[PDB]
**Student:** 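Let me give you the structure first, and then I'll get to my questions.
Labels below follow one simple rule: chain letters A, B, ... track the order of the sequence lines, proteins then strands, and each chain is numbered from 1. Side chains included, hydrogens not; waters and symmetry mates left out as well; all remaining heavy atoms used.
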There are 2 protein chains.
Amino acid sequence: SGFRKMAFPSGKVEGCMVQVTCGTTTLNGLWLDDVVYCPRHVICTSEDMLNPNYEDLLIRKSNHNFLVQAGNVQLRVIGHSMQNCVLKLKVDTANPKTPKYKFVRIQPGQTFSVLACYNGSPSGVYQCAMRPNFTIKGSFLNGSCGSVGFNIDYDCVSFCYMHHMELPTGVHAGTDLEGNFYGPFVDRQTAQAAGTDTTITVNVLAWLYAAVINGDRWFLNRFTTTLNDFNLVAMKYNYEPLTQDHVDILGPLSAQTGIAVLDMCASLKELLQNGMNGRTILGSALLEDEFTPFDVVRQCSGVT
Amino acid sequence: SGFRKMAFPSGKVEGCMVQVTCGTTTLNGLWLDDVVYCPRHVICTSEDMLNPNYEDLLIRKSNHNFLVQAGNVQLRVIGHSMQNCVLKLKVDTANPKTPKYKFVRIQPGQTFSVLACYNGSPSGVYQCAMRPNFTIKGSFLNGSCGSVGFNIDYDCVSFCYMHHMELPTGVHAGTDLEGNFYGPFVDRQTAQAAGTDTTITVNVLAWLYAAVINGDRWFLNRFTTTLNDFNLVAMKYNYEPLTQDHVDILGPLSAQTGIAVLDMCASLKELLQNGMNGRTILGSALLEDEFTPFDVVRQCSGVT
Ligand SMILES: Cc1ccncc1NC(=O)[C@H](CO)c1cccc(Cl)c1
Ligand SMILES: Cc1ccncc1NC(=O)[C@H](CO)c1cccc(Cl)c1
């Protein structure tokens, strides 16, 4: 019992963190096999960040200009290349601590753990969601660039995010491990619109099932709804429209609790229309959307 | 910017987790140097847990009865002893992955990270507080016993908690690494009173300073208060009384923001008396008490 915003154990990722320095800029790198992945803005100075010509900036750099330190030992750089917004620094030694890994591009609404790092050293780990507007509400300061987001399946780390930038609104933007930004963002010091965010409806429903499993049941009502009726309410409250694909992923939780998905939607409809009335659900006074149905099943069953 | 319920990177602790089996019971162990630490209820069967005579139960066990597996390899047990509610299993090999470590008994109101484990394997990491009533609101299922709580200072892991038991209320009880329970709890299958909990006032104030630092300022008012006036309000709302020791630890945050501690107490007084009025602070609709002033300073400065 109990339900927490749990992150994956970060050990496999800690072993990949390195410090990358180029000129006067230092940020975090990810050492997997014989390649170091890091945000390409490592080659920029503050004056360059206004409107950087990354191709031109990288042309003035040689392998010896990229200083890569793993803990206290220095890595020899034998190749460099830019893929989208990431730099891939080929090194002469494969990381002995490389876990089994994949590079994945997550969908918005999916969750992942972030190992926040500074100067190649890990400071903390937290769970978060890729927002529907492709931003993340993280905790990052200057120097945290290159920190990565990931998921773990048994022994395989699926890297999904590399941190690049803080928007003027204090929300965070980044790329997949191929250097492609999530969302419309560009790696420049310019104000950029994140766009309208929504609440991740399937995740709130999953968290409501987690609450019922763990004893918080006060919000269960004598009502039911339909997908169309619920979606009218979701539209009014800036919630993502629920589809049959969402209903299908909630199947395991509906089977476990015996509460039909549309019955749980009617509880969520009443919570949206009436509020919490000063009450709480799983220690929260708002509807939590950072747990996927998969996360709820994993945490509620103790998957390692 | 951004403020998250961040846990320490769990890598150093993952490397210490082992599986301990005795008879039919399997739980988690902590392998540091040549000793495996685990909850003493590993020697019990379900029938024994009603009123166990641990001394008598352990007398029927020999070194060969404790099966300790680190990953996939088996550890040879050359000694066993009971210290309070923990068993210390001497093994013939020192853990090569033993980090620099200490055993500490935390004070209530202090926070720590938990690496939840099942069968010696890590499932997740989360940050939590030792409640004023010496319980923890964790996320643990059967088999999670032996999972540990810890803090990290540079390269040193300070183990503070070992998970033992789930109370009938769904809250969690455990011991320090010398086997001494936090609180009045005994390791028996009997209903046990946790006692009145309170909100950790110094932590809420620290989190209010974190909110101001990160931009959430709506709760700042034109008022001030005194320790005695604030404590009358704290008493009414089941908050711990604030002392000058608490004011002193909030000094760094008061200096950073320029908001006097008693001025921040007046904001907290008004939030307690008026509520949030449907608004949020750092993504929360309630007053958060799981961040110490130290945690706020660490997260807001990027300490690794
Ligand atoms: C300062 C900060 C805070 C949190 N997370 C990250 C950062 N990083 C930034 O915003 C840097 C400048 O430091 C940057 C500016 C413009 C474009 C890009 Cl790709 C990166
Ligand atoms: C079942 C569970 C769930 C979460 N965390 C832990 C557990 N553990 C327990 O309560 C076990 C029985 O499984 C136990 C019963 C009585 C005393 C003690 Cl010390 C331990």
**Student:** Counting only heavy atoms not in A:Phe181, do more than 12 sit closer than 6.0 Å to its CZ atom?
**Tutor:**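 For A:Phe181, atom CZ is crowded (more than 12 foreign heavy atoms under 6.0 Å).
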
**Student:** Search all heavy atoms of B:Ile281 against all heavy atoms of B:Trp207 and return the closest pair with its distance.
**Tutor:**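 Scanning both residues completely, I find the closest heavy atoms to be O-CZ2, 3.3 Å.
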
**Student:** For the backbone of B:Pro122 and the side chain of B:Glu14, can you confirm whether one donor and one acceptor N or O come within less than 3.5 Å of each other?
**Tutor:**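 Answer holds: no.
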
**Student:** Strictly distance-based, threshold 3.5 Å: is any side-chain N or O of B:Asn203 a donor or acceptor partner for the main-chain N or O of B:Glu290?
**Tutor:**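 Checked: no pair found.
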
**Student:** Do A:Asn180 and A:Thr175 come within less than 4.5 Å of each other through their side chains, counting heavy atoms only?
**Tutor:**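 Of all side-chain heavy-atom pairs linking A:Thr175 with A:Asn180, none is under 4.5 Å.
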
**Student:** Using a 3.5 Å distance criterion without hydrogens, assess whether the side chain of B:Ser147 forms a donor-acceptor pair with backbone atoms of B:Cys117.
**Tutor:**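 Yes: the side chain of B:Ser147 pairs with the backbone of B:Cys117.
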
**Student:** Of all heavy-atom pairs between A:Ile200 and A:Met130, which one has the smallest distance, and what is that distance?
**Tutor:**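 Scanning both residues, the minimum pair turns out to be CD1-O, 4.2 Å.
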
**Student:** Is there any salt bridge (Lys or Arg N to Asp or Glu O under 4.0 Å) pair reaching into residues 192-206 of chain B, and which pairs are they, with sequence neighbours excluded?
**Tutor:**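 Qualifying pairs, neighbours excluded: B:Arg131-B:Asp197.
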
**Student:** From B:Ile136 CD1 over to B:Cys128 SG, what is the distance, rounded to the nearest 0.5 angstrom?
**Tutor:**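 If I round to the nearest 0.5 Å, the distance is 4.0 Å.
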
**Student:** So which atom in B:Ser139 and which in B:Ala116 form the shortest heavy-atom distance, rounded to 0.1 Å?
**Tutor:**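 Of all heavy-atom pairs spanning B:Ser139 and B:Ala116, the closest is O-CB, 4.4 Å.
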
**Student:** Residues in side chain to side chain donor-acceptor pair (under 3.5 Å) with A:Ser267, at least two apart?
**Tutor:**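 Here no residue qualifies.
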
**Student:** How long is the gap from CG on A:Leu272 to OH on A:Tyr239, to the nearest 0.5 Å?
**Tutor:**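 One finds 4.5 Å between CG of A:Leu272 and OH of A:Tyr239.
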
**Student:** If you look at every heavy atom in A:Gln299 and B:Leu141, which pair is closest and at what distance?
**Tutor:**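 Looking at all heavy atoms of both residues, the closest pair is O-CD1, 3.7 Å.
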
**Student:** Counting only heavy atoms not in A:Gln273, do more than 12 fall under 6.0 Å of its CD?
**Tutor:**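 Enclosed.
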
**Student:** Taking A:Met264 as the fixed residue, which of A:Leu250, A:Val212, A:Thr224 is the one that meets the side-chain contact (heavy atoms from CB on, under 4.5 Å) rule?
**Tutor:**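 Only one of A:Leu250, A:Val212, A:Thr224 forms a side-chain contact (heavy atoms from CB on, under 4.5 Å) with A:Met264, namely A:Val212.
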
**Student:** Hey, does the side chain of A:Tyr209 reach the backbone of A:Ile259 with a donor-acceptor pair shorter than 3.5 angstrom?
**Tutor:**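 A pair under 3.5 Å: yes.
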
**Student:** Could you please spell out the steps behind the side-chain contact (heavy atoms from CB on, under 4.5 Å) verdict for B:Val125 and B:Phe8?
**Tutor:** CA-CA 8 Å; B:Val125 55; B:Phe8 290 99; over 6 Å; no

**Student:** Please test B:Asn238 against B:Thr198 for side-chain hydrogen bond (donor to acceptor under 3.5 Å, both in side chains), starting from the C-alpha separation and ending with a verdict.
**Tutor:** CA-CA 5 Å; B:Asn238 313 122; B:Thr198 45; over 6 Å; no

**Student:** State, to 0.1 Å, how close A:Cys16 and A:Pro99 come at their nearest heavy-atom pair, and which atoms those are.
**Tutor:**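 So the minimum-distance heavy-atom pair works out to SG-CD, 3.4 Å.
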
**Student:** So, does B:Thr25 use its side chain to make a donor-acceptor pair with the main chain of B:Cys44 at under 3.5 Å?
**Tutor:**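 Yes.
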
**Student:** Work out which heavy atom in B:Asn28 is nearest to a heavy atom in B:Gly120; give both atom names and the distance.
**Tutor:**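 The answer is OD1-N, 2.8 Å.
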
**Student:** Any carboxylate oxygen within less than 4.0 angstrom of a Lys/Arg side-chain nitrogen, looking at B:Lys5 and B:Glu288?
**Tutor:**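 Yes.
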
**Student:** So, A:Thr135 versus A:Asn133: side-chain donor-acceptor pair below 3.5 Å or not?
**Tutor:**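 Checked: A:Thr135/A:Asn133 side chains pair up, N/O donor to acceptor below 3.5 Å.
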
**Student:** What's the separation between atom CG in A:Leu220 and atom CG in A:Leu208, rounded to the nearest 0.5 Å?
**Tutor:**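 Reported value, rounded in 0.5 Å steps: 8.5 Å.
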
**Student:** Would A:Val247 and A:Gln244 satisfy side-chain contact (heavy atoms from CB on, under 4.5 Å), going step by step from the backbone distance to the final call?
**Tutor:** CA-CA 5 Å; A:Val247 171; A:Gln244 185 58 53; 3.5 Å; yes

**Student:** Specify whether B:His163 and B:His172 have parallel, tilted or perpendicular ring planes, treating 30° as the upper limit for parallel and 60° as the lower limit for perpendicular.
**Tutor:**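 The rings of B:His163 and B:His172 stand perpendicular, inter-plane angle above 60°.
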
**Student:** Please check if atom CZ in A:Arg298 has more than 12 non-hydrogen atoms from other residues, nucleotides or ligands closer than 6.0 Å.
**Tutor:**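 Atom CZ in A:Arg298 is crowded, with more than 12 foreign heavy atoms closer than 6.0 Å.
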
**Student:** Measure from the side-chain N and O atoms of B:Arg4 to the backbone N and O of A:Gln127, and report whether any donor-acceptor pair falls under 3.5 Å.
**Tutor:**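 Side chain of B:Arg4 to backbone of A:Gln127: a pair is present.
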
**Student:** Do A:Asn221 side-chain atoms and A:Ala266 backbone N/O form a donor-acceptor pair below 3.5 Å?
**Tutor:**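 Between the backbone of A:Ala266 and the side chain of A:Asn221 there is a qualifying donor-acceptor contact (under 3.5 Å).
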
**Student:** Under the criterion side-chain hydrogen bond (donor to acceptor under 3.5 Å, both in side chains), I'd like the reasoning laid out for A:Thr226 against A:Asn228: C-alpha separation, chi angles, the key distance, then a yes or no.
**Tutor:** CA-CA 5 Å; A:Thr226 69; A:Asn228 300 126; 5.1 Å; no

**Student:** Closer than 3.5 angstrom, by distance alone: can the side chain of A:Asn151 be matched with the main-chain N or O of A:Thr111 as a donor-acceptor pair?
**Tutor:**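 Looks like yes, one N/O pair under 3.5 Å.
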
**Student:** Got a sec, which pairs hit salt bridge (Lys or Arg N to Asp or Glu O under 4.0 Å) with one end in residues 272-284 of chain B, sequence neighbours left out?
**Tutor:**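 Counting only pairs at least two positions apart or across chains, no salt bridge (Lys or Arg N to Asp or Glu O under 4.0 Å) contact touches residues 272-284 of chain B.
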
**Student:** Does any N or O in the side chain of B:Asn119 come within less than 3.5 Å of the main-chain N or O of B:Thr26, such that one atom is a donor and the other an acceptor?
**Tutor:**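 No; judged by distance alone, with no hydrogens or angles, the pair does not exist.
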
**Student:** To the nearest 0.5 Å, what is the distance between NZ (A:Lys269) and CZ (A:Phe223)?
**Tutor:**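 Taking NZ in A:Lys269 and CZ in A:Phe223, the distance rounds to 8.5 Å.
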
**Student:** Measure from the side-chain N and O atoms of A:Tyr182 to the backbone N and O of A:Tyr161, and report whether any donor-acceptor pair falls under 3.5 Å.
**Tutor:**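 Absent.
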
**Student:** Below 30° counts as parallel, above 60° as perpendicular, anything between as tilted: where do the rings of A:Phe159 and A:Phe103 land?
**Tutor:**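 Aromatic pair A:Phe159/A:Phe103 classed perpendicular.
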
**Student:** Is any side-chain N of the basic residue among A:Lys102 and A:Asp153 closer than 4.0 Å to the acidic one's carboxylate O?
**Tutor:**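 Not counted as a salt bridge, because no side-chain N and carboxylate O are separated by less than 4.0 Å.
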
**Student:** Just verifying a value: how many Å separate B:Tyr118 OH and B:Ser144 OG, rounded to the nearest 0.5 Å?
**Tutor:**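 B:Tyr118 OH to B:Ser144 OG: 4.0 Å, rounded to 0.5 Å.
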
**Student:** Kindly compute the distance separating CE (B:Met6) from OH (A:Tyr126), expressed to the nearest 0.5 Å.
**Tutor:**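 B:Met6 atom CE to A:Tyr126 atom OH measures 5.5 Å (nearest 0.5 Å).
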
